[PDB]
J.: 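Here it is, the structure in full.
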Amino acid sequence: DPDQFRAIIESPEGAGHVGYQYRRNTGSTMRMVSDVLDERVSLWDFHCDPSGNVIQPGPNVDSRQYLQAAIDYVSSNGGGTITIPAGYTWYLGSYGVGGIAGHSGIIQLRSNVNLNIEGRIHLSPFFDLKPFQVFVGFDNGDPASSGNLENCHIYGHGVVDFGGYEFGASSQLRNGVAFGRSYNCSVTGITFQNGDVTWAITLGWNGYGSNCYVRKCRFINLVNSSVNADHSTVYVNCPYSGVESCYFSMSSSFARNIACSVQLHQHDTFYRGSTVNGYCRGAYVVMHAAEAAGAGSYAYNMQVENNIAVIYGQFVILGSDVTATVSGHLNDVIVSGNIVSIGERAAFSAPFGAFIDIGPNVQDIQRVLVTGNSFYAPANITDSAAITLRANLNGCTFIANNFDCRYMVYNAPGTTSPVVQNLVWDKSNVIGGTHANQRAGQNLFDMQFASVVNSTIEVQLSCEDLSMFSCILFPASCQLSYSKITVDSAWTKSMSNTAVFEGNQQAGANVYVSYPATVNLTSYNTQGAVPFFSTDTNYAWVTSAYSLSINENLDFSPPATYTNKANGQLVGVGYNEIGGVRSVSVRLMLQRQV
Amino acid sequence: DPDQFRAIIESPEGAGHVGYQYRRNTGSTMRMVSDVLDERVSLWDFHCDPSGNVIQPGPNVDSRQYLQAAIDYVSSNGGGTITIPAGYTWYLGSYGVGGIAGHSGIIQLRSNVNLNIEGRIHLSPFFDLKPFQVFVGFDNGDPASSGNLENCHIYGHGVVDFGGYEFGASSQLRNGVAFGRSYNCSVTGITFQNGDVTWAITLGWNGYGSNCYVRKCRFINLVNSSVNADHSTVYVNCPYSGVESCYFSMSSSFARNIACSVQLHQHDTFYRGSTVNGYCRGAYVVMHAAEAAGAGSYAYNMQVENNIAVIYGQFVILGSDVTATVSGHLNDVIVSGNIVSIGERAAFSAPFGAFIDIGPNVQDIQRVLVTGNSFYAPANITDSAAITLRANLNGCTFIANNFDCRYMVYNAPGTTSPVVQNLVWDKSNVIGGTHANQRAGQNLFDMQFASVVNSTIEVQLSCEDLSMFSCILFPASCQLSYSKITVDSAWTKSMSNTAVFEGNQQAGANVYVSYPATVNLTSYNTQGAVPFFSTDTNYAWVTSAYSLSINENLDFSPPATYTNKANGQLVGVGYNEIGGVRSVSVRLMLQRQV
Amino acid sequence: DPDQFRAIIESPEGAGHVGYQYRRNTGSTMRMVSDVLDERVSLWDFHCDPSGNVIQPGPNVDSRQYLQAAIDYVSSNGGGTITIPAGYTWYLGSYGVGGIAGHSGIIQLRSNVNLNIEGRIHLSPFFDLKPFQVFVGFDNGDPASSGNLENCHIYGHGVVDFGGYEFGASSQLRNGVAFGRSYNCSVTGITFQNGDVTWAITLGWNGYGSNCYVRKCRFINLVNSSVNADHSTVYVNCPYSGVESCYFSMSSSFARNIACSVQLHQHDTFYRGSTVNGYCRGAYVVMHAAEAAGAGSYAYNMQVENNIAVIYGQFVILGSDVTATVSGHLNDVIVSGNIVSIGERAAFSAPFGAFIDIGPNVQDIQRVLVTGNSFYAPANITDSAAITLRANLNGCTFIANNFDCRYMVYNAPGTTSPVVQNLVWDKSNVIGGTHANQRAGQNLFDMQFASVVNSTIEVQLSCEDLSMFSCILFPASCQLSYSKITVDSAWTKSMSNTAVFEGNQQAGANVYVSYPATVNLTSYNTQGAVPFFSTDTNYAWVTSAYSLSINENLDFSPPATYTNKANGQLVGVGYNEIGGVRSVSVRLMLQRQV
Ligand code: NA
Ligand code: NA
Ligand code: NA
């Protein structure tokens, strides 16, 4: 059979007849070439016509069926890694079939089958104006009946290019990788670019999943039209999962108004070490009761740390909501080490600039620590705040940040009336001066709430801003109790108003407050120790006060310290070297229970 | 020789006769197929019987000898990476021989030979009830005489499964990867699961080693029995080494009582960016003089940062100890950005809940910075503390954390009597309210020590807790000197006790203290400026005090501020508009040297 | 043609005649062995003589031309990854030609051609005493006319060894990887060792580039001679780029004086999670107007976070400078979570020890947040400071750090006279005690500036140091305005000087200041309420003061609180139970406008 031998060698079984032993090692396995080649697999092993002849990829070739066949086949052997080869662009031009069809899926991923994308995957214009999810991990059109996707990793130096196609309708959805009910899945190194999509990657489904991660990926120009309803680049919807060391960039005007880089929706999730530019928002951090089926109705242990961002709206948005039968709770959050700015834009030209936003009764948000962050907004941006507190809050703690923007705490008057509890603004927060002189008519801490309880505001200025109406103001509609409100005197000598309580709330039994004020006093005419009394009777709530002014006089001195009287006068004991009625104006620190 | 040609091609030298040139490039090397296949190596190249026929792996096959032969052979050529193939489970069923036998080793690692684990490595029931170290980098049963393991990396998407086997005796030890005297070794991406082990990975030996790292690994259910004496998932025992972006999970009740995620035992080590659930402890940070031979007797530059944890005992434990000839020192530690909770459990049902624990004379621990962390414990967990300070401390500094648990500083009375120096609790630490109303009979800062020197405690409440006995208490057995202790007045108006010095320690020459108190005063009957004096004589130590109460009276006012007299009365000058002896009760801020 | 068949099989086209189908799958592509082998490429495919025979690498073989041919060829097919094989050392012994020749380049990198370095690349002694850049991404000797290098990644477990060769002249330059105008390029996992170089890696060119990263690399002993002018291991000169999780080590005495680990020179750059030992400096953070052509004249969003360092000079150095036509600005910087020490060395034996250094009119540096860091210097190191403020500063904010060194704020007298604005030193900075008793003749905050405005210094001691001349001192040459300067009383009772204003600057209209002082007072002889007046007349600027001393007297008490008089006396109302002139010395807290 020498003719048969040559034909076998030239046949597809040929490599299975050529023997091999590793490095001529007589202790190694006696193999055939085919066995060694079978240790790897690429798209080339499936990218063939029905007669087995390889097809070159290109804009006129739908690679979908070939990629699916490769995934299917490797799955059947218990898994492996399929290379998508460098130096080629592989186009996708049709929808997939079966369980992914309900999900507008293109490729169905399978457990233990990894994709090493080194070349480029592009969408063909078949998808213009249509929905799609490029890779889908569900195995059923009903996700509630889907099996899991496990141990599926997408990685490499390659690219997923969405073709630039706009959305056809705002009700459509588009995704890159919908991992599904995903356990130990990841995407690493991939660039996702040029699209109009809802998400690039979604991890999990309604809390179902674990240990899913997006690392060292790039996301570039993924919103490009006015049709696109909403965008969150990575959507984390399973626990013990997160995003780290990624890069996010947008250039579209639309992105400034609708795009968020990350949403965290389940417990023990994180967003670290990433850089964002051109987005509306940094991260949504939420527990929606609608997605509580997999991991519970609490989102807790949520970390947003060490990120760099230029955004046009709000850095971190906190929220929760409820269903008719399920209640969401958000607690145990840390936001730390982030360096964030509002990009150059006109005032009011994008959603309100904020480092933290509490968005819209329902909210159950508490135990949030905001520490060691920097925030800046250019001086023209009136709509910029350390916190826009627009809905109920049950706790948030700010320590050792540096906030350089128009407001510290803001809510718009006559909009929402939030109930606030456990808002803590430590004195170690540094208030920048970029907006000094821009604050005519404005309150630095504008406390436009229904009520404030168990809260601390310790205002410390670091430069003058005499333009502002006040440092902190409480409208008469805001109840205030069991709270501590202080204004440090530095840089406040020339301010007409420091703290303003429009309903005289500072008189509350459990309100602890100190702020500077100018007070007119008159003494009796007695030589020697002599009392000085305030002309006004607005000080019934004052427990003590003390001088912030020098005494220009030789012949007498006002009291250093004052207490009050039943009629609301302040009273203190000064000294008349020579007698006579004295009249002075003095800057005092007014104190109540502090 | 045409018969010889066909036989050669079918022989194991066949591939060495089929020529190849890369992509038909006439400028490329004229090679044989075998040369290209020899650029890679897998377990298949060694997993053969004595006649060279490949053996399929499975539960009835001991893969150990084959894996060892592959490692040995690649080592002999100066290194490489051996793939452990996907889609198969490779069982290990015997101990190795030679230098690793003293270490109960299964596989001996070798320098420059990396393992790319894509499939699964499982332990066979041969190992039930026995000790083992699955991969061992020592080359000698005496580690002091061992050569080094250098440049050995274990990585991939695969799994090491310990088979679920319990320990046979609590004196046994079990490990996944014992790298040995390890320099530039790492484990990346691997899942370690289903066991009862002492460690999953140990880096270094008695300080010997460098540049060893565990990254993006998972560790799941590695304690499962009551026999297991102790567990630390990763044990870092060489410098310039650490753990980052890993996931640790336990489900066993035993793990809650004995398992720690990481121990750091040498200088310039770190534990970052990781998530822990179900463990007793987060990290031990220590310098044991017994392990000082490789890198010295100082552990310094130790970082525990940006981790997420649910634990049942103590997050970070600090310690050192000594040998008859060597003294260990621990200094220069940072703990920051961590978000930690005590999981749901009954009070006292696990080791005492703590964010920092100083464990058991000997201790030389100092220069520790604890900053920007969040800690929570459910309201029922009586045994929860920001710090359990149970042994001598020479310094620890707490700045800008948020601690929401039962105690801030605790030590059990009549147990240890620690000597405390340089404990600094900055005012920027926020004290949560979850345990409000639960503190009957308890002191928030319970200073159960032999002595306290050069320490600062600045207590700032953020809500009321009238259940507590005091904010801070010093028993008479605790010496207090050269210290600053302050209680801010906010939320304290209704407290009977704020700071308690049971030995009147606040009278010390170099004690700086301020806290609120209620004081009864009586005046002389003089009209005009008139003195008011305290009825009690307990105020000889007071340097000044000032009013925290309003004055309900028209006809007189008490002094705003007071000093003292030799007999221990307070005294101040008030004002009698009309004469008469006055008697009042007032809330004062008592101050000593502040 | 059976003779022809055997000859074809033995020829370099042989593999192109042996058929293959993946795993015998009749649905797979009918391929040839050569097609599968062509899916990978290594240096072996090009490392051949002119007759196609492979050449073994070694010290007598210049591998350069072969590596270049491989890169060239893969480039021609649109990219790929070339393996540099493990188990071999590949020597480079000549310069490259063409566009890289102007750059003293050895290898020209090309777009989309990645290098997987598993073996070792060594420099041959041809390069002793000469300049070189081992890998160069420019395609033109004039970088301004160069095309870009895109999508070029160098990775693996291998090594680049510079051969130990010293520089021949201090004007020479040497680099490992000069990526050029580099977009999406990276180096991961590589060890760079044994050299005398200017840099190991430079990312970008004059701001041109994006998305370039150095991750998990090691840099060991890269300065070794007195000839070497300057060294920065990684130089980041394109935006959206950075360094993470690397290790840097030097052992040379020269490195202590000239080597920096990282320079960041463009916006949105970072240096995270790394460990440094033996270097002079940690990171330079700068915007040099000379490099503003690619990315603008602002460096903003600059992060230095979570690093471990032992250095001999300055951790972070901030700067900017200008050109005749372009002005550089540095703003929006965060330095956080770092644990840094000055290594063991004699005082003044290396560049001045500092955590932050502001280096040398020109500087426009502002919005810098320094938070949550630890810094230590041994007690002998006189030249150690939290900040050496040696040039103009427009803002820097310090919150919640722990600084344990000789000075907090320093500048040498009669050197530079910096103009300082917006320097904020929050009270939450903890000042360590290691240098207690070492500060004879020294001011802890030594304010040797031309002027200080809009600045806050809140000094809080945590132990005594009676050796120091003062806590803070302003020479009369330093203007001080619109500033807040406070010294907390704790541990200061025994200090002769607390805050010193040598030009009486504390009297400024907008200066807010409080510090302790000892004051002698005398009373009138009146029984009853009686005034006490200071003997000295140095207190015209004081707004209030209060007692920090107890009253040892029964028969009288001095005032608790004081104001002042026009003549500069303090005055207060005390109480004479029995008449008589009183004379006392008291410790007061002096306050101005606070
Ligand atoms: Na209301
Ligand atoms: Na004692
Ligand atoms: Na001057």
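One-based numbering, in listed order, for ligands and for the atoms of each. Naming convention: chains lettered A, B, ... in sequence-line order (proteins, then strands); numbering from 1 in each chain.
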J.: Could you check whether any side-chain N or O of C:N443 sits under 3.5 Å from a backbone N or O of C:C471, counting only pairs where one atom can act as donor and the other as acceptor?
T.: no
J.: I need the O(B:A450)-the Na ion (ligand 2)-OE1(B:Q479) angle, rounded to 10 degrees.
T.: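 About 80° at the Na ion (ligand 2).
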J.: Counting N and O atoms only, with roles assigned by atom type, does the side chain of B:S455 sit under 3.5 Å from a partner on the main chain of B:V424, one being a donor and the other an acceptor?
T.: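 No.
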J.: When you measure from the side chain of C:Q448 to the backbone N and O of C:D446, does any donor-acceptor pair fall under 3.5 Å?
T.: no
J.: Does the side chain of C:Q421 pick up a donor-acceptor pair with the side chain of C:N454 at under 3.5 Å?
T.: no
J.: Taking N, O or S atoms only and a limit of 3.0 Å, check whether A:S451 reaches the Na ion (ligand 1).
T.: no
J.: Do you see an N/O/S atom of A:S477, backbone or side chain, under 3.0 Å from the Na ion (ligand 1)?
T.: yes
J.: Any N/O/S atom, side chain or main chain, of B:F449 closer to the Na ion (ligand 2) than 3.0 Å?
T.: no
